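Trainee: So I pulled this structure from the PDB, and the sequence comes with it:
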Amino acid sequence: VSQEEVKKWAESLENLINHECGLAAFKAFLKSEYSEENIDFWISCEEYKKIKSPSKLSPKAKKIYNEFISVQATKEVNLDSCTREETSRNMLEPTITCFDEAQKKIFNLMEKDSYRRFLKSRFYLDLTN
């Protein structure tokens, strides 16, 4: 990783997740905190963010909601107690902003802890000696 990209990681979460090595390092970092379900959820959210037809969001929303947001889901995603209800409420009116609120929490979740850890992580320090 060039010194130019690591500095960007300190300027915005998107740079860290938008870099080929940041993704690999970020995905590996999630494994350290076992938060890899978040990137899988992010990938599902991206597909959700690309579908602009509210008639197609319902089908996948229930599958994603039932899989990642079901309280009995084996790999529940770490989110606040109110965000999960919001996705369930989107069932009545599925919109493109239904998973945006959850995606925002994933960004804030890793940005609040992963970023601070990334700057102090051994991989980052190795890249930033």
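Mentor: Now that the structure is in, tell me what you want to look at. Numbers count the residues shown, from 1 in each chain.
Trainee: what about residue 99, neighbour count?
Mentor: Using other C-beta atoms under 10 Å, the number of residues around residue 99 comes to 29. C-beta coordinates here come from the backbone N, C-alpha and C atoms, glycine included.
Trainee: And for residue 8?
Mentor: Neighbouring residues of residue 8 were enumerated by other C-beta under 10 Å; the total is 15.
Trainee: And residue 74, by the same measure?
Mentor: Neighbour number of residue 74 under other C-beta under 10 Å is 7.
Trainee: for it, phi and psi?
Mentor: Main-chain torsions, residue 74, degrees, to the nearest 10: phi -70, psi -40.
Trainee: The chain: helices as residue ranges?
Mentor: Assigned by DSSP state H, the helices in the chain fall at 3-11, 13-18, 20-33, 36-50, 54-64, 83-89, 100-119, 122-127.
Trainee: do you know how far the nearest residue to residue 1 once chain neighbours are set aside is from residue 103?
Mentor: The spatial neighbour of residue 1 that comes closest, neighbours along the chain excluded (C-beta to C-beta, 6 or more residues apart in numbering), is residue 21 at 4.5 Å. In this structure, residue 21 and residue 103 are 22 Å apart, going by C-beta to C-beta, to the nearest Å.
Trainee: That's all I had, so thanks and see you.
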